[PDB]
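Below you'll find only one chain, the form deposited in one PDB entry, shown as structure tokens.
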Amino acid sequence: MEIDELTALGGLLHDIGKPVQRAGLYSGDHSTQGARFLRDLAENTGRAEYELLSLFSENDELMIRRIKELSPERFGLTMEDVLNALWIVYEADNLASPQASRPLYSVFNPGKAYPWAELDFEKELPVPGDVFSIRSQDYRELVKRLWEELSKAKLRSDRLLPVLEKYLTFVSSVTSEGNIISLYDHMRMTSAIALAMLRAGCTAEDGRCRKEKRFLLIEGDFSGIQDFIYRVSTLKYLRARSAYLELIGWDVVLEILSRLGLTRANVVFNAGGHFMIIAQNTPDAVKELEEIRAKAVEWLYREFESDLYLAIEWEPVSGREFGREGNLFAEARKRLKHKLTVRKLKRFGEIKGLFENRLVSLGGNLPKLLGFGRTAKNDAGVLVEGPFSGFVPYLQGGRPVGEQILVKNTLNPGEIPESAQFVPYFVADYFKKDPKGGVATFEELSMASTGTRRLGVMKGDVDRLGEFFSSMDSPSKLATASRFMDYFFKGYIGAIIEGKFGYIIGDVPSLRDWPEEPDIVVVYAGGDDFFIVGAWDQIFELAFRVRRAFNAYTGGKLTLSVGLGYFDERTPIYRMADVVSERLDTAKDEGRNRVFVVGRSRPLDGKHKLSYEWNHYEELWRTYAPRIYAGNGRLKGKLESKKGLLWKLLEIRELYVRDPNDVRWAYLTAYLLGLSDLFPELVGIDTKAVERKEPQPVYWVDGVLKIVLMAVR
């Protein structure tokens, strides 16, 4: 052992006493009961170092003797070392931050809470709901799976996090009411803030490493992400660009971790081209961070010109500012945000030389691999390179190559060598496969569409998400919001598309029966910002599926805004992407919590919005679609041979667009269908809407009619 790896595992297990107290195995306080769990475990399999980490649950008289009892020489550590390791890991538990049955209260809605289940994207969608007292039986079956895994885990931080995350994710760090923090997040945030103080040199302080600025909040944001993925010259290439921006991200994050002697626990989040890192305030660190920033900007300039940038700013920070007084955390993130917005306005300022087929094989080989190896640049089978290291693809049969192995879409290290740092990454990579093993193309997606052969393109966004993240008091709160947020897109969107959570979602606007292998292709999902393409009607339905599940998955306390477009299969990507992007921030602009559903004529009186409130559109599809649309591309038998009506209504509605105060439209509709009993809601003058200065029901019909007509051609 070294003092570095010991303190990391220290902070990481300080509070593994909590899952065993509530199971009732060793009937002491969690401090005591967590020590008997590890010392117990050490004895079994006979791994001496667990008995050394057992001290972290517990006038220092007995402690120095209980450490002296244990051979610090047997490992490579001093006694006066392990005393700092304990006080550091003690203080960090303060910095990170009742009944033995209270469940985890959802960060989205602290009024709801998660049913005790373990993290599995395949099985079910976590929905904050009704508080169920957690049995001591359940904790005992958890602790037994926890026991068996830590038995086989290789006692590096990299193998330990994946089992702590698997099991202790849906568990209240503290069992008071309205407690937001997941156990695993509070564990990793201490394992981070502890390791930070160690490298910061400071020791035997009991408030030097608390009121002195011995921390760095690091934040890297990519700018030009869309300019780099879109704006090309095909679909295979476009996902290939998304994937590749993921690897460049890790390669800079992993380098910063490597070169500061930190661990993956120090990565607060890393998704949507945004990463945050907690680290030391030593002069060596700031030197190393400028070196990494500098070398990484240049590599980005030579390979992509100014197309894609990386703004890495950091702020020095005291322990105080890791939580609440008088909010200091969200205040200090706010001064880092500022530093970033200036740097993004100084693109490649870090380059004074400024003012004077692999990705084709990364789109074709895509459906057989488990991850990538992070070796040197000059290495055999290196498929693509980042700003620091070469990435060799890792095939099912293949042998993992490199210092770090990025594994995709498992927390289970599987068959890789003991000496390989394990870095799990998830990504919403759903795609329709063709009769050829390759992913579906824009014509293939456009051809499986009900009625008119157009390609659906949908672009989404989580509403006021920067506000939400800025509301978190503590790193452990922020860790949980970010982790759960990212997991909805990277974990659950894969499922929603397959058809899972049919109950929780329910009735949504749809034109065909959901397919078993949906004609959808995720381009880039992940935290907040997603972009999906496929058969236009499947993309139209997916839009509401994603919005419902997201409403469920959250407290119904967070909203989407989605921009939808249906284009000709032979449309250039940047143009399609340019349009929905425009339709999307129309949705955000007309208040939020809305979907832009189709192109729409409207009076420009500043009173008529193009987007729909989601429930408003959902209520409209319920009312009108069943009266005119038979399902699966056919029209209601009654209108079959009276279809011309639906155009004559659209024609009628247009005479309302011309003058919204003229009543003539209600004259006309009554003659037009005089069967009469269809569309009662539009023949009359709504005086409620005249009061509320809202539009007339006629103004909204197009958003349902035009879709039906698209599906019946």
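Only the largest set of C-alpha atoms that superpose within 1.5 Å between the two forms is called the rigid core. Start at 1 with the first residue shown and count on from there.
The same protein also has a form deposited in another entry, omitted here; what follows describes it.
- Comparing C-alpha positions between this form and the one not shown after a rigid core fit, one residue in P572, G556, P417, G466 moves 2 angstroms or more. It is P417.
- Core-superposed comparison between this form and the one not shown: CA of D379 displaced by less than 2 Å.
- Once the rigid core is used as the reference frame, the Cα position of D29 differs between this form and the one not shown by less than 2 Å.
- Positional change of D528 between this form and the one not shown reaches 2 Å or more at the C-alpha, relative to the superposed core.
- In that other deposited form, the separation between the C-alpha atoms of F121 and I416 grows by 3 Å or more relative to the displayed form.
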